[PDB]
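As you go down the protein sequences, you meet chains A, B, C, D and E in turn. With the deposited numbering, the residue at position 50 of the first sequence is 380, and numbering never jumps. The second sequence lines up with residues 2 to 25, 37 to 220 when you count with the deposited numbering. With the deposited numbering, the residue at position 198 of the third sequence is 308, and numbering never jumps. With the deposited numbering, the residue at position 79 of the fourth sequence is 299, and numbering never jumps. With the deposited numbering, the residue at position 70 of the fifth sequence is 71, and numbering never jumps. By construction, the Cβ of each residue, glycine as well, lies at the ideal position given by its N, Cα and C atoms.
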Amino acid sequence: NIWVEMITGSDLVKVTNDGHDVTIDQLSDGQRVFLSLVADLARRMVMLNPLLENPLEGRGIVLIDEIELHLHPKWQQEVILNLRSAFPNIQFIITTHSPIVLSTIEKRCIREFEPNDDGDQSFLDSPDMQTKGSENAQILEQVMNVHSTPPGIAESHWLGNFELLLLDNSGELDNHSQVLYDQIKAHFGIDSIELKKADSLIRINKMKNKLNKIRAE
Amino acid sequence: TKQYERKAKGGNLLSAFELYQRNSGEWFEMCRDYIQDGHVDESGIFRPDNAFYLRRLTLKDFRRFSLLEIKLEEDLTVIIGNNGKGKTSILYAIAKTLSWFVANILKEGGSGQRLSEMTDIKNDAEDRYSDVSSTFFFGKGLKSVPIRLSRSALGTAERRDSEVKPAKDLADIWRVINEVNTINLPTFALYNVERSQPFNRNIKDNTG
Amino acid sequence: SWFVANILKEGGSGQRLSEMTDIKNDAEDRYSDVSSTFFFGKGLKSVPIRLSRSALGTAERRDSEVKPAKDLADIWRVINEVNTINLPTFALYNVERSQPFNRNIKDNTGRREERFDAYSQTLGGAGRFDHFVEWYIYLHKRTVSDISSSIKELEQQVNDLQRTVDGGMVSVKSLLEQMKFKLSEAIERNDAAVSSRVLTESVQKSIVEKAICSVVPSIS
Amino acid sequence: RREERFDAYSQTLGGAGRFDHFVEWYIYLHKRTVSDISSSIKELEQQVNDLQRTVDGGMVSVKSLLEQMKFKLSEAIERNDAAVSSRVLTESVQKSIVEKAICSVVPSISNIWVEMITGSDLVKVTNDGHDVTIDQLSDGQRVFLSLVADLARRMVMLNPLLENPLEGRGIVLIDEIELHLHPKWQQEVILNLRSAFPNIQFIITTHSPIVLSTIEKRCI
Amino acid sequence: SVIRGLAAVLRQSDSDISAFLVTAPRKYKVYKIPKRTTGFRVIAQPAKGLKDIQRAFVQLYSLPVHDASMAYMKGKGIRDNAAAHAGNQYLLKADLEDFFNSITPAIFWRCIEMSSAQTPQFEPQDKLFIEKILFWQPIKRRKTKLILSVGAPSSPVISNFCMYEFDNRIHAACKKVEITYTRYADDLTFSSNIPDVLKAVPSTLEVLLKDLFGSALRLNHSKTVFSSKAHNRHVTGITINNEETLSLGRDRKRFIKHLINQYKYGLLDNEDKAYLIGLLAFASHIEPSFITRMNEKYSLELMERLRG
RNA sequence: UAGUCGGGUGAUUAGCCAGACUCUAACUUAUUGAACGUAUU
Ligand SMILES: Nc1ncnc2c1ncn2[C@@H]1O[C@H](COP(=O)(O)OP(=O)(O)O)[C@@H](O)[C@H]1O
Ligand SMILES: [Mg+2]
Numbered sequence: 331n332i333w334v335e336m337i338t339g340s341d342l343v344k345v346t347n348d349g350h351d352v353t354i355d356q357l358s359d360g361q362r363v364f365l366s367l368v369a370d371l372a373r374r375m376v377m378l379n380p381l382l383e384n385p386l387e388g389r390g391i392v393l394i395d396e397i398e399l400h401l402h403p404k405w406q407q408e409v410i411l412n413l414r415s416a417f418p419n420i421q422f423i424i425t426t427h428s429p430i431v432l433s434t435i436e437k438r439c440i441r442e443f444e445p446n447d448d449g450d451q452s453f454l455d456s457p458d459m460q461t462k463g464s465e466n467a468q469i470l471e472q473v474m475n476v477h478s479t480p481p482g483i484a485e486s487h488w489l490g491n492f493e494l495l496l497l498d499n500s501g502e503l504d505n506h507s508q509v510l511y512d513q514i515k516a517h518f519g520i521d522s523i524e525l526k527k528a529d530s531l532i533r534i535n536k537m538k539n540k541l542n543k544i545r546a547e
Numbered sequence: 002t003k004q005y006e007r008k009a010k011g012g013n014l015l016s017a018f019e020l021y022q023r024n025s037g038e039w040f041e042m043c044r045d046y047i048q049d050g051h052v053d054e055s056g057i058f059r060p061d062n063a064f065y066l067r068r069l070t071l072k073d074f075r076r077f078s079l080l081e082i083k084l085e086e087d088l089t090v091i092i093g094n095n096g097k098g099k100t101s102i103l104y105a106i107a108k109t110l111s112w113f114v115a116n117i118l119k120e121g122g123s124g125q126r127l128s129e130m131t132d133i134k135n136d137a138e139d140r141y142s143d144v145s146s147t148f149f150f151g152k153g154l155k156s157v158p159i160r161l162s163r164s165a166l167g168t169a170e171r172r173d174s175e176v177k178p179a180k181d182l183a184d185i186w187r188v189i190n191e192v193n194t195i196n197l198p199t200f201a202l203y204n205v206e207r208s209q210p211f212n213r214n215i216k217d218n219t220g
Numbered sequence: 111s112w113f114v115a116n117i118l119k120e121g122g123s124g125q126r127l128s129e130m131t132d133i134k135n136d137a138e139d140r141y142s143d144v145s146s147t148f149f150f151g152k153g154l155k156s157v158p159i160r161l162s163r164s165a166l167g168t169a170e171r172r173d174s175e176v177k178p179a180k181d182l183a184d185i186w187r188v189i190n191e192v193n194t195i196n197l198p199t200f201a202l203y204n205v206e207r208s209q210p211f212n213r214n215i216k217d218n219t220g221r222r223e224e225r226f227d228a229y230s231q232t233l234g235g236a237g238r239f240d241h242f243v244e245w246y247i248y249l250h251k252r253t254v255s256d257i258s259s260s261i262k263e264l265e266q267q268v269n270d271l272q273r274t275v276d277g278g279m280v281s282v283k284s285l286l287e288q289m290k291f292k293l294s295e296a297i298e299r300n301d302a303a304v305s306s307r308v309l310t311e312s313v314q315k316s317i318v319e320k321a322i323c324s325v326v327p328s329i330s
Numbered sequence: 221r222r223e224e225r226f227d228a229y230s231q232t233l234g235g236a237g238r239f240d241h242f243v244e245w246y247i248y249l250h251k252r253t254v255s256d257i258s259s260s261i262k263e264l265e266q267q268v269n270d271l272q273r274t275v276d277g278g279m280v281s282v283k284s285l286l287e288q289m290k291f292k293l294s295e296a297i298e299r300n301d302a303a304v305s306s307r308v309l310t311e312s313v314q315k316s317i318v319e320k321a322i323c324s325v326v327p328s329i330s331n332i333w334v335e336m337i338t339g340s341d342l343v344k345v346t347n348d349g350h351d352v353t354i355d356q357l358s359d360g361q362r363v364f365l366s367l368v369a370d371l372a373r374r375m376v377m378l379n380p381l382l383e384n385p386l387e388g389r390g391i392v393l394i395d396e397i398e399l400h401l402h403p404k405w406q407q408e409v410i411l412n413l414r415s416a417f418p419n420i421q422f423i424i425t426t427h428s429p430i431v432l433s434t435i436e437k438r439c440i
Numbered sequence: 002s003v004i005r006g007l008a009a010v011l012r013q014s015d016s017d018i019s020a021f022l023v024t025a026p027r028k029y030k031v032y033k034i035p036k037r038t039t040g041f042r043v044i045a046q047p048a049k050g051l052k053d054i055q056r057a058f059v060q061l062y063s064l065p066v067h068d069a070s071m072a073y074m075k076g077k078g079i080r081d082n083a084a085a086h087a088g089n090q091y092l093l094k095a096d097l098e099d100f101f102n103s104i105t106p107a108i109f110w111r112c113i114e115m116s117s118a119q120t121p122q123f124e125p126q127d128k129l130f131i132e133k134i135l136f137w138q139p140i141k142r143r144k145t146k147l148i149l150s151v152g153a154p155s156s157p158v159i160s161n162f163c164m165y166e167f168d169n170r171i172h173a174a175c176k177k178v179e180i181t182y183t184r185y186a187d188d189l190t191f192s193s194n195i196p197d198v199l200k201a202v203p204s205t206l207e208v209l210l211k212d213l214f215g216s217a218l219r220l221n222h223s224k225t226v227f228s229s230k231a232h233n234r235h236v237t238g239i240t241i242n243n244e245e246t247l248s249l250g251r252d253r254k255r256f257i258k259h260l261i262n263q264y265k266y267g268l269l270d271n272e273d274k275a276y277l278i279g280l281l282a283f284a285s286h287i288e289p290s291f292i293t294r295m296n297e298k299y300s301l302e303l304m305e306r307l308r309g
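This is the structure in structure tokens:
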């Protein structure tokens with residue numbers, strides 16, 4: 331909710347934010363900046379489209395740089411849908427760094443720089459992968475060329491190394507593989523995704539080896 | 002003229018408007045209907061018969077770009093890349109172009125914005141000038157509205173001219189038709205990273 | 111303002127009418143005009159100027175018509191550049207002229223001595239009484255000082271420095287060049303002052319003092 | 221005022237830094253590196269000696285100039301002594317430290333330097349292999365450069381006795397560390413900051429899971 | 002020598018030709034022609050005396066012209082130009098900026114010097130007269146700016162000649178990669194059945210233009226357009242349909258039918274009637290099958306009455 | 001799906017009907033001059 335109070339003796343705009351009545355000055359920077367964008371745009375559309383039953387269905391072109399600016403991931407998952415629903419005839423031209431935002435948008439809408447461009451590329455193109463409805467981890471790797479784990483942390487490589495060790499020792503848990511397993515367990519914990527993946531690798535490799543022995547006999 | 006009459010009766014907006022200006037009823041109504049006609053779709057949303065959008069953008073020796081072409085979607089286009097790939101540059105280029113429509117809707121022969129002679133020409137460009145070329149669409153009666161903003165580097169003797177007359181011509185139609193009988197007008201807005209400002213309730217604008 | 115701007119600078123712009131405050135609120139035509147006609151002898155009986163402004167979004171612009179004012183101001187400017195002539199004074203004194211006096215008077219940068227400082231803030235409404243005080247003190251200091259004594263002193267210093275460089279002290283050549291530049295500047299200013307055909311500071315002082323004493327009854 | 225040690229505390233808790241103060245200070249450092257103060261003292265000492273010889277030779281007109289030059293020499297020695305007395309890192313070393321810090325922490329920047337272009341000092345950077353002005357940097361690059369540059373300047377000024385002044389003590393607060401950063405940069409930013417400023421207590425806020433992937437849960 | 006040749010052709014004295022040529026670059030009438038939408042084009046036509054000289058010059062001196070040049074060529078036109086591309090599925094169009102006004106005496110003489118095919122040899126004394134014959138001085142006060150004007154009768158020939166070497170090189174390059182190339186004045190058209198070969202052509206053009214003309218002649222990047230059978234294809238006002246045939250286009254055909262229907266009911270005014278007749282002549286040239294269909298639709302008698 | 005091509009109908013630049021096409025991807029242009037088509041002779 332949003333309303334004007336005059337009763338203190340000065341004109342104050344108030345809002346109900348997360349169930350609490352607050353002044354605009356009490357809003358977080360993220361909320362205020364986003365409110366400002368929508369308020370301004372709505373004002374202009376109302377003023378310029380007096381003959382439409384819904385003035386927000388007017389024509390125009392709106393440019394927004396870094397749409398995810400100050401937005402929590404939760405909000406990033408709704409922002410484009412809400413904007414397009416409120417302003418259905420505007421052409422939006424947007425920039426983003428957010429895989430979460432990209433997960434809500436069709437690949438045809440996306441224009442993507444080649445990674446090693448150096449400013450001689452002639453035409454921009456859409457990504458190969460469909461982004462709308464895709465997992466964020468996939469968008470990061472396939473579209474944004476960013477690894478799922480931070481490369482400058484040693485622990486980020488342990489599960490990969492563990493897998494390689496298993497494959498090098500014909501699928502058996504050797505002294506070296508056991509040490510690394512224990513390190514993974516100690517660092518990430520007993521119910522970590524990483525450990526479960528390691529456990530899975532052990533189980534599948536044991537079963538593959540059993541098959542191989544049966545075939546040899 | 003008979004030529005303009007034929008084109009106008011074929012549905013060309015510019016011809017209809019030219020005939021209106023020379024004979025200053038029928039032609040006025042044509043122009044106003046072109047702008048105002050539309051329908052409500054199955055979802056209950058009003059849709060103009062003649063949509064307005066940016067179709068294509070070309071950048072030549074502009075900032076990082078030696079020569080770049082972008083085809084835009086009618087509804088939503090999202091530009092992605094690492095920092096320093098020129099995403100902001102693209103939006104700046106468009107906003108400057110749109111400034112020419114806004115200036116001419118406000119005032120006959122109004123001046124839009126310009127490319128910077130200090131910053132906007134590519135640093136290692138052999139020709140020392142930059143071009144921002146845009147093509148806009150306004151229904152099947154005005155399929156192409158081409159605009160070019162140009163600028164030569166500081167201290168170059170040869171100066172490169174912008175071509176903005178098509179923007180002015182379209183904006184004139186909106187302005188003049190509106191003056192006679194109210195119409196709905198297009199919204200143009202840019203929200204860059206400067207939108208993150210501290211709020212002050214007290215500082216009030218006395219400029220209009 | 112349009113005459114002043116163009117006397118000062120070729121292509122100078124005067125002041126424009128405001129779209130917000132200057133246009134009548136219920137004007138059917140949605141524009142405002144201020145039309146003035148000036149006279150300059152029998153050779154130029156009519157100098158028309160129009161300042162105009164239209165409301166936002168009107169179908170037609172209303173532009174100002176200022177060329178005659180600019181043409182006349184150009185005559186004054188160009189002829190003056192070749193050979194010094196007398197120039198017209200333009201001034202506005204509003205109720206703003208009633209304001210307290212800051213005693214704490216500013217150091218002579220040297221802007222107040224320039225002839226066309228006479229056009230500075232001339233149509234602002236308050237005058238610049240502070241500029242008068244600075245200028246008047248300046249005039250006094252120059253009157254008490256000897257004329258070209260600094261030049262004579264500088265001439266003597268450049269001659270002494272030239273003798274030192276001729277005596278084999280090459281280290282002071284940089285200082286000599288600086289002092290020669292200062293001397294040349296002083297002579298040029300003196301020559302420009304001489305070239306500008308301007309009244310002596312003593313005479314200027316006298317004229318102003320007499321004016322003040324004549325017009326202001328309590329001041330003798 | 222930018223050379224004064226306690227300028228490091230100017231507007232430290234205002235929220236923006238003072239990147240403009242950095243630029244001024246950095247240009248200043250460059251000018252002093254290209255022109256050492258002792259040669260100026262030696263040159264000034266030589267000029268004072270030459271002027272003293274002229275005064276001893278009977279040219280009393282240059283006595284005023286000698287007194288001025290002696291004053292300038294004394295001031296230069298005092299500044300040199302104060303600089304000496306402050307036991308401070310040389311201007312060359314200070315410049316080098318800051319340059320290294322910036323290039324190490326800011327991934328797109330490989331080099332930073334001051335050019336004299338036309339008649340004005342300009343800071344230039346090699347950004348993504350291309351030489352550009354600061355004003356040509358992207359907002360993300362500039363914002364991050366600003367943070368690191370400002371912090372490094374302050375640390376150099378406040379820690380003159382350390383071999384590496386960036387190993388000084390302090391508390392730094394950063395709101396929304398991921399502001400304007402691409403995911404690729406978010407994976408490096410905390411590691412780079414902690415490596416460059418090892419003894420600073422960082423208290424930071426973030427909305428980025430990519431940033432959190434580089435941090436231990438105890439810090440969250 | 003040029004003077005003597007012209008004098009002979011025009012049956013005038015050497016002296017009167019020479020005297021006329023002294024101020025020939027200024028002997029142009031300037032006027033405006035309305036564009037089909039909003040605005041005007043500015044045209045500069047030489048005075049009658051100068052036109053005669055220009056025509057005589059072109060008669061006396063044959064300059065080489067490439068076969069890919071379709072404009073201003075005897076026995077060729079827009080039909081031939083369009084037909085060259087009708088069999089190919091992919092199309093590229095490029096346009097040169099300020100084409101005629103970009104051609105200066107310097108460019109002309111450079112082309113003469115460079116030319117491979119047998120160019121006329123001019124005496125140095127004649128060079129000044131030739132410049133005065135062929136080039137217009139737009140600015141009275143600036144004697145140094147001479148340019149070709151579209152409105153002059155010599156400008157077509159000179160422009161085609163100046164593009165001769167350009168056409169040679171690009172034609173040869175295109176032929177190696179199975180691209181069809183034609184030029185109609187400032188309009189360049191490229192077509193192919195091979196996907197993705199056309200993408201390289203614009204870059205090739207820029208390099209070649211720079212090589213031959215430096216910065217004098219440039220591509221209009223806003224007028225570079227790719228098309229295919231997925232989209233509308235036209236070449237110099239002629240539509241190429243998906244059956245690989247030349248067409249007037251559906252909209253023009255429907256307009257003509259409208260006019261014929263109006264004529265059938267005696268509703269066309271004389272001006273519109275004359276217009277209709279002219280358009281049918283053009284239609285007969287581009288799409289004779291359309292005329293056959295109209296004859297079938299409207300009665301041969303009606304159509305003959307109209308065309309008689 | 002959309003856009004495009006266009007054989008037919010239709011007091012006809014509309015609308016409707018039929019069939020087809022799809023390199024990331026047409027935006028229909030300019031005269032009195034030049035060339036081409038038609039008319040005139
Ligand atoms: N005139 C110029 N010449 C060359 N490179 C430039 C010029 N202006 C800006 N750049 C470069 O362009 C980039 C600017 O990025 P920007 O447009 O802000 O894109 P983004 O917002 O994606 O980072 C930087 O890499 C900068 O070095
Ligand atoms: Mg004709």
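Exposed unless 16 or more other CB atoms sit within 10 angstroms - verdict on C:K216: Here residue 216 of chain C refers to the residue found at position 106 of the third sequence. Exposed, since its Cβ has fewer than 16 Cβ neighbours within 10 Å.
Listed by chain order, chain B residues near D:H402 by CB distance under 7 angstroms: One-based indexing of the fourth sequence puts residue 402 of chain D at position 182. The answer, in chain order, is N94, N95.
Alpha-carbon spacing of E:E288 relative to E:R251, whole angstroms: Here residue 288 of chain E refers to the residue found at position 287 of the fifth sequence. Here residue 251 of chain E refers to the residue found at position 250 of the fifth sequence. Taking the Cα positions, E:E288 is about 12 angstroms away from E:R251.
Check: B:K97 C-beta below 6 angstroms from any heavy atom of ligand 1: As a first step, residue 97 of chain B must be located in the second sequence, where it is residue number 85. B:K97: yes, Cβ under 6 angstroms from ligand 1.
Cα-Cα separation between D:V318 and D:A372, rounded to whole angstroms: Working through the fourth sequence from its first residue, we reach residue 318 of chain D at position 98. Working through the fourth sequence from its first residue, we reach residue 372 of chain D at position 152. If I take the Cα positions, the gap works out to 6 angstroms.
Chain C contacts made by the region 112-128 of chain B, where a contact means CB separation under 9 angstroms: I117, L118, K119, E120, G121, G122
Boundaries of the alpha helix (DSSP H) in which B:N135 is found, first to last residue: Position 123 of the second sequence, counted from the start, is the residue given in the question as residue 135 of chain B. First-last for B:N135: undefined, no H or E at that position.
Counted within 10 angstroms of its Cβ, other Cβ atoms place B:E138 as buried (16 or more) or exposed: Start at 1 with the first residue of the second sequence, and residue 138 of chain B comes out as number 126. It counts as exposed.
Reduced DSSP secondary structure (H/G/I, E/B, other) of B:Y203: Position 191 of the second sequence, counting from 1, holds the residue named residue 203 of chain B. Of the three classes helix, strand and coil, the one that applies to B:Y203 here is strand, per DSSP.
Check: A:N475 C-beta below 6 angstroms from any heavy atom of ligand 1: As a first step, residue 475 of chain A must be located in the first sequence, where it is residue number 145. Incorrect: A:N475 has no Cβ contact closer than 6 angstroms to ligand 1.
Contacts that B:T131 makes with chain E (C-beta to C-beta distance below 7 angstroms): Stepping through the second sequence from its first residue, residue 131 of chain B is reached at position 119. Simply none; closest approach about 22 angstroms.
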